[PDB]
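One structure is given here, and the rest of the page talks about it.
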Amino acid sequence: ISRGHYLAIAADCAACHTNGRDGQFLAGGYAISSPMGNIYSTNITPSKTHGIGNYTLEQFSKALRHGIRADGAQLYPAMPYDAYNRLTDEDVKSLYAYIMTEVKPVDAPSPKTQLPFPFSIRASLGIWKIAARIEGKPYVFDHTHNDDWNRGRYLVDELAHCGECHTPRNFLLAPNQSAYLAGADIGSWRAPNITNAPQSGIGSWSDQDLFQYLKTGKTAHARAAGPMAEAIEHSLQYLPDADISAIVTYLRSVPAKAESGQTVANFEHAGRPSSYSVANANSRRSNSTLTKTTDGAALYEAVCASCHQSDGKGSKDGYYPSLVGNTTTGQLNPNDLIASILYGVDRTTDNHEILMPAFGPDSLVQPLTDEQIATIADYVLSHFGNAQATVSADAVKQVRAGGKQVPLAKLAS
Amino acid sequence: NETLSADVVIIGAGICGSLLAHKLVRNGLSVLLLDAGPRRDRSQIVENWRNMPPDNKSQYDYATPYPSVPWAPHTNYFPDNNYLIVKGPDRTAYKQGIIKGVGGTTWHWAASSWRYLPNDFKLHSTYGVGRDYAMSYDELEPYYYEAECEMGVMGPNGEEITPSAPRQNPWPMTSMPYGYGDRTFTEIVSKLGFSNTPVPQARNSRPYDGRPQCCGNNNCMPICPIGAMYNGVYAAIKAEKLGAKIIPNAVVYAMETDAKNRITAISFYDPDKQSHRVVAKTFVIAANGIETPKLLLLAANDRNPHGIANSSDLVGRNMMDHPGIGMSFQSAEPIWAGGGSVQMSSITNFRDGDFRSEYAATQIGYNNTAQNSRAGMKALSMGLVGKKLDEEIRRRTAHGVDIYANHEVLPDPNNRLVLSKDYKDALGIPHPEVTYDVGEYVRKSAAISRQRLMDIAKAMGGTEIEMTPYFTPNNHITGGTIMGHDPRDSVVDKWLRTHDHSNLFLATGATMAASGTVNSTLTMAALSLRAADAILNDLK
Amino acid sequence: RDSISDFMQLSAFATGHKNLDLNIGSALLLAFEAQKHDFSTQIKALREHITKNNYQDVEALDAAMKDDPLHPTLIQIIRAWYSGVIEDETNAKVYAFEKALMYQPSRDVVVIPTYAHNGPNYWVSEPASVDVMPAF
Ligand SMILES: Cc1cc2nc3c(=O)[nH]c(=O)nc-3n(C[C@H](O)[C@H](O)[C@H](O)COP(=O)(O)OP(=O)(O)OC[C@H]3O[C@@H](n4cnc5c(N)ncnc54)[C@H](O)[C@@H]3O)c2cc1C
Ligand code: HEC
Ligand code: HEC
Ligand code: HEC
Ligand code: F3S
């Protein structure tokens, strides 16, 4: 592949500008769930009529690094131009060449993003950019570190823009650079702490485990779901081993940020040698459409024990992950466990597809209510994961609604 | 309920009814889906099966995990609940299993999705026996493929297994690999001269339809714990998501016709025998090969004194299934049943031929259900103790084999489904009653199938060989509302619309004019989608 | 707890397998005592027979008790531990599934149906020998 194609894969610029599996790639039309509403990715194919085919190199650079459209309109920060801002000029030119010469034009306009007032006018974003402190000198190599560290920092910060999801946002929905890579809620999902904190972050992960997770999304203690599965299956599985090694090298040097109430790492929680009762289920025969099953152990056995075993250790070949020692069940924040139960897992790497079915209201296999999901999550947390974490029906409902509403979104009421 | 209006009302939320409802709501029609049974949860059925006694697992009890509701009971044969009365010389061959509820009997089927051979649609024209379908295989092929795509059917994509149904497109998925038992059976019966080929199954050899890949839970009958196979509740859920309205526990019992014999309304009961009226532009009965004729006969009017759509006196007649001979033995060499699904391959060698003018074509198959429960119960019955008990259990689960041979039955007018004059249920509705005779066609086929099964058992060095002296039921209820071109000799036409009532469609296996040789639910689904096309053309 | 301890010891002797679930054993003992009021004294008599005659395994005890009236209850205990049921009806209560001792001698090869073996395509591998008893 070209240098521009490699940069487009590394930056994952096609994971948002392609509307799902269908929706010919780089044509836009993909809806991003922002706190203020839905923002649609635009047509980036070099169509002179509906795409960016009339863009010059300077116009493309402005749109990519500064968030200013060709017209002069401000782009919404759903486009990570705050991360792409420090891309070198050579990388911007390579991306421009790849867009102009290697992606086929698509003549189909994308849906226009309509946001509630006062966010409808994309002219106040200048003051937002001033407050966000985006600029932004182009990246140059730090000569105190080695080349691997610099390349890993460039990949993490400018191309793969990990902090877009792993660094929490402040009140104005701008990056909080004090809590760099300390974990953030990005809707129904939470990107966990990936600092070098031994307990809060990924500091206690083995280097091979981190490499394997970044390359494949699968590890004996961690499985990638939600936005992480998409990031890995669209960008990170195609990166060279040197790229993943550099990312790991940089990540091992990220200063630690501690989480409140953490004593052991997310993957270091042992399992209670406890389970359900087959005898107690005998009263529940002749009781189709389980509503009288309120026991967490019984619900887990009925809905979950088939794949993850009754002891919560999964299958021997590792296809079904062990819930014991798993970073999702071991988090003090049970957001990811709720999201996994609600939406399942779907991750295609090397053309092979992981899938855990969804168990939310829209499920085909077994729809569960907020109370049933909370009960199952509580049983899993007590017996296989973080025993200090708890889940309630309101928490499940909030995850279903798209996470907690940020205070800024209250302005559009 | 006041009037419960809709464009189309479908009676029965089975695979046929739910697929029809989904296609209709996907095309802008207002749909009312009625089911006499309750809503069911898969995980609760899984728990019920797990807490079902091991003797009920060794002997294939497929109905106990699904509780039977008194207002709309279904069949149970551990201890027989007498919902379906069967008479005749071959009554044992019509002791069939049905499940009532949203999702229907496909809640607990094996999910063997089969396309019929082209000759199977013109049997009488080809061999001079039975009846010809009102349509050809070429007319049902697009709907065959549509049902396969919706249901997620895997099959032997690159393979010339035998003369089989010609395809225009490959299967949506490729067949998952065989387990040890299927491989061993294939080599043995290939040495025997039989062609063991993969069964096309509505099962996930890869993640499909947002549902997991099959991990080989080997409990397809009676419940998949993880949804790696198709159940009609999927189509019901998708239809409801698109605006279809579903009323469970809606036991339809009455129909009203106008001066043109078009249906104007239907009446159903709730569990408390309260009557509700439903008016629609189009009425579809998708209940069963048993429940559809029962509803048609029970709803007799003054305009239709002998039953709805019974001007030909054929409603309930020509009842068909695939009569079966079962065998079980202990193989000399280990077979290790249980790898993959419960039905992974079958001998398709004798599905067609020139012999079909004399005796029935057949399907010989090997059961892949795990024999661990059966081995444990049998070894406990021998009074063994200690290490001998464990050794016996292990040997018997490694060596136990279940084998079957299913036959094709011709449509016989005296194979009938009259309403019973001796038994009723809570709502006072009479029980179905079937008089069944297999016929000399199947008896001559069985004289050969028995020798074939004996040859299979001998080739495997089988001991403790046990054949059923009777015929067994295979749950593919066809006939009862026969299709054809002549209104004097059939109940519905090629579009599944009844001849008597232009308002009424019957999306059921009872419409099928021949039973074929293999499982018939895929043909049912294809015919339901064809009827969906007809209904859409009628209402637009 | 004396009755439970005696039942669990006699069960470990009768089934020949030391690792038996205590919750399953407690439920089985409660069901056995509900069905038969004199179950505990029969358990004590069987244990007295074992200790007095110094039987090494259940094979010798079964061989030397083929006609004594305590044979049916010993066979019933073995059957309850292996099958997971005590009665013989289609509505009999199930006290153990996937932990019943009759699914264990084939666990390394054969699926306990509603629970998965390792992976969506594990059955492409060759099975183990019938002559090698796994575990437990
Ligand atoms: C154990 C088993 C295994 C099987 N395996 C296979 C297989 O491998 N391959 C295959 O092709 N087929 C198989 N079958 C057959 C298959 O299950 C049926 O052919 C299939 O379900 C088609 O049924 P249906 O959709 O016509 O109606 P069903 O799903 O049987 O019933 C539809 C609904 O009608 C409702 N109903 C009935 N009467 C009324 C009324 N008066 N008012 C309102 N609602 C009513 C019922 O409650 C029910 O929910 C199997 C069957 C069994 C029992
Ligand atoms: C029933 C109530 C549950 C619960 C509580 C969980 N699962 Fe599963 N699960 C399955 C697979 C294949 C995966 C991982 C994907 C792969 O590696 O390709 C998972 C993942 C999870 C997680 C999180 C793991 C991660 O780190 O994100 C959790 C907390 C979890 N599951 C809990 C497989 C299955 C099933 C297959 C048949 C079924 C059923 C379930 N899971 C059900 C449940
Ligand atoms: C870019 C270079 C990176 C790197 C190095 C990582 N991520 Fe993410 N990530 C996201 C989410 C939602 C999750 C958790 C999902 C769940 O709750 O199941 C993760 C997870 C990780 C981990 C695992 C941490 C653990 O203990 O589970 C690691 C090591 C990791 N990430 C590193 C979300 C996102 C994104 C959303 C837009 C983006 C971009 C990234 N992650 C990018 C990166
Ligand atoms: C990887 C290289 C990459 C390139 C090159 C790129 N984007 Fe965008 N992009 C957007 C959104 C959303 C907008 C429009 C929002 C706005 O108007 O403020 C946009 C706007 C643009 C525009 C403005 C042109 C127009 O018609 O609006 C260009 C050019 C562009 N992106 C190019 C989401 C993304 C995402 C989301 C995950 C990613 C990654 C992303 N974009 C990556 C990239
Ligand atoms: S029970 Fe399910 S996991 Fe597969 S073997 Fe049958 S579809």
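A note on names: the letters A, B, ... follow the listed sequences, proteins ahead of strands, and every chain is numbered from 1. Whatever order the structure lists them in is the order used to number ligands and atoms, beginning at 1. Both backbone and side-chain heavy atoms feed into the values below; hydrogens, waters and symmetry mates do not.
Residue A/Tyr300 does not touch ligand 2, judged by heavy-atom distances below 4.0 Å. Only the side chain of A/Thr329 comes within 4.0 Å of ligand 2, counting heavy atoms alone; its backbone N, CA, C and O stay farther away. If you look at B/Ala72 next to ligand 1, there are no close heavy atoms at all, none under 4.0 Å. Counting heavy atoms closer than 4.0 Å to ligand 3, residue A/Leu251 contributes side-chain atoms (C-beta onward) but none from N, CA, C or O. Contacts with ligand 3 closer than 4.0 Å are made by no heavy atom of A/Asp12, backbone or side chain. Both the backbone and the side chain of A/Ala191 come within 4.0 Å of ligand 3, counting heavy atoms alone. Residue contacts with ligand 1 for B/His74 are absent, since no atom lies close enough (heavy atoms, distance under 4.0 Å). The side chain of B/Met524, and not its backbone, has at least one atom closer than 4.0 Å to an atom of ligand 1 (non-hydrogen atoms only; side chain from C-beta on). Residue-level proximity to ligand 3 for A/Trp205 is carried by the side chain, the only part with a heavy atom below 4.0 angstrom. Contacts between B/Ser113 and ligand 1, counted as non-hydrogen atom pairs separated by less than 4.0 Å, are absent for every part of the residue.
Less than 4.0 angstrom separates some heavy atom of A/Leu214 from each of these atoms of ligand 3: 5 (C). Residue A/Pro227 has at least one heavy-atom neighbour below 4.0 Å for each of these atoms of ligand 3: 12 (C), 36 (C). Close approach of ligand 2 to A/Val303 is summarised as follows: ligand atoms under 4.0 Å from at least one heavy atom of the residue are 1 (C), 2 (C), 39 (C). Listed by number with element, the atoms of ligand 2 under 4.0 angstrom from any heavy atom of B/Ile226 are 37 (C). Proximity to A/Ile341 (heavy-atom distance under 4.0 Å) selects the following atoms of ligand 2: 5 (C). Of all atoms in ligand 2, numbered sequentially from 1 with element shown, those under 4.0 Å from a heavy atom of A/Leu337 are 29 (C). Residue A/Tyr319 has at least one heavy-atom neighbour below 4.0 Å for each of these atoms of ligand 2: 12 (C).
Of the residues B/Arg42, B/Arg40, B/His108, the one that meets the side-chain hydrogen bond (donor to acceptor under 3.5 Å, both in side chains) test with B/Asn231 is B/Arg42.
Protein heavy atom in closest approach to atom 15 (C) of ligand 3: A/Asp336 OD2, 3.3 Å. The protein atom (non-hydrogen) at minimum distance from atom 13 (C) of ligand 3 is A/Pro192 CD, 3.6 Å. Nearest non-hydrogen protein atom to atom 35 (C) of ligand 3 is A/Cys165 SG, 3.0 Å. The nearest heavy-atom contact from the protein to atom 8 (Fe) of ligand 2 is A/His308 NE2, 2.2 Å. The protein non-hydrogen atom at the shortest distance from atom 22 (C) of ligand 3 is A/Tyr213 CE2, 3.6 Å. Of the protein's non-hydrogen atoms, the one nearest atom 40 (C) of ligand 3 is A/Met228 SD, 3.7 Å. Here the heavy atom of the protein found nearest to atom 39 (C) of ligand 3 is A/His161 O, 3.8 Å. Nearest to atom 2 (C) of ligand 3 among the protein's heavy atoms is A/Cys162 SG, 1.9 Å.
With B/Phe268, B/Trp114, B/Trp109, B/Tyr253 as candidates, the residue nearest to atom 3 (C) of ligand 1 on a non-hydrogen basis is B/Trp109. The nearest non-hydrogen atom to atom 32 (C) of ligand 2, considering only A/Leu381, A/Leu323, A/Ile354, comes from A/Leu323. Closest to atom 48 (C) of ligand 1 by heavy atom, among B/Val342, B/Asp35, B/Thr511, is B/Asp35. When the options A/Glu353, A/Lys218, B/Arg211, A/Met356 are ranked by their closest heavy atom to atom 6 (C) of ligand 2, first place goes to A/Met356. Of the listed options B/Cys16, B/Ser112, B/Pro200, B/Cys16 places a heavy atom closest to atom 26 (O) of ligand 1. Comparing B/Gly509, B/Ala110, B/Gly17, B/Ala525 by heavy-atom distance to atom 5 (N) of ligand 1, the nearest is B/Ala110.
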Q.
Apply side-chain hydrogen bond (donor to acceptor under 3.5 Å, both in side chains) to residues A/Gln262 and A/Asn266 and explain how you reach the verdict.
A. CA-CA 9 Å; A/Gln262 282 247 353; A/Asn266 293 343; 3.2 Å; yes
Q: Test C/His117 against B/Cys215 for side chain to side chain contact (heavy atoms under 4.5 Å, CB included), laying out the working first.
A: CA-CA 8 Å; C/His117 260 249; B/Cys215 64; over 6 Å; no
Q: Evaluate salt bridge (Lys or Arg N to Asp or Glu O under 4.0 Å) for A/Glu158 paired with A/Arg153, printing each intermediate quantity in order.
A: CA-CA 8 Å; A/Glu158 270 68 65; A/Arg153 177 169 70 151; over 6 Å; no
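By the 4.0 Å N-to-carboxylate-O rule, A/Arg252 lies close enough to A/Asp207 to be salt-bridged with it.
Put simply, CG on A/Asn333 and CZ on A/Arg190 are 5.0 Å apart, with the number rounded to the nearest 0.5 Å. In this structure, OH in C/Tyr115 is found 11.5 Å from SG in A/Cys307, a value given to the nearest 0.5 Å.
Considering backbone and side-chain N/O atoms, B/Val252 comes within less than 3.5 Å of an N/O atom of ligand 1. Taking distance alone, with nitrogen or oxygen atoms compared against 3.5 Å, A/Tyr320 stays at or beyond that limit from ligand 2. The shortest N or O to N or O distance between A/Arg223 and ligand 2 is under 3.5 Å. Residue B/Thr106 has at least one nitrogen or oxygen atom sitting less than 3.5 Å from a nitrogen or oxygen atom of ligand 1, judged on distance alone. Residue contacts with ligand 1: B/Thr521 is placed with a nitrogen or oxygen under 3.5 Å of a nitrogen or oxygen of the ligand (distance criterion only). At least one N or O atom of B/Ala287 sits closer than 3.5 Å to an N or O atom of ligand 1. Considering backbone and side-chain N/O atoms, B/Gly101 comes within less than 3.5 Å of an N/O atom of ligand 1. Residue contacts with ligand 2: A/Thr327 is placed with no nitrogen or oxygen under 3.5 Å of a nitrogen or oxygen of the ligand (distance criterion only). The shortest N/O to N/O separation between A/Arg347 and ligand 2 falls below 3.5 Å. In terms of N/O distances under 3.5 Å, ligand 1 is not approached by B/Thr508. Between B/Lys100 and ligand 1, not a single N/O pair is under 3.5 Å apart.
Side-chain N or O atoms of B/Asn475 include one that pairs as donor or acceptor with a backbone N or O of B/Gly97 at under 3.5 Å. Of the possible polar contacts, one joining the A/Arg223 side chain to the A/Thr219 backbone as a donor-acceptor pair under 3.5 Å is found.
Between A/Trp205 and A/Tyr213, the gap from one ring centroid to the other is short of 6.0 Å. You'll find the ring centres of B/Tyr60 and B/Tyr77 outside the 6.0 Å limit.
Atom 8 (Fe) of ligand 2 has no N, O or S atom of A/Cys307 closer than 2.8 Å. Residue side and main chain included, A/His166 places an N/O/S atom under 2.8 Å of atom 8 (Fe) of ligand 3.
Side-chain contact check for B/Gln343 and B/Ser112: at least one donor-acceptor pair (N or O, by modelled atom type) lies under 3.5 Å.
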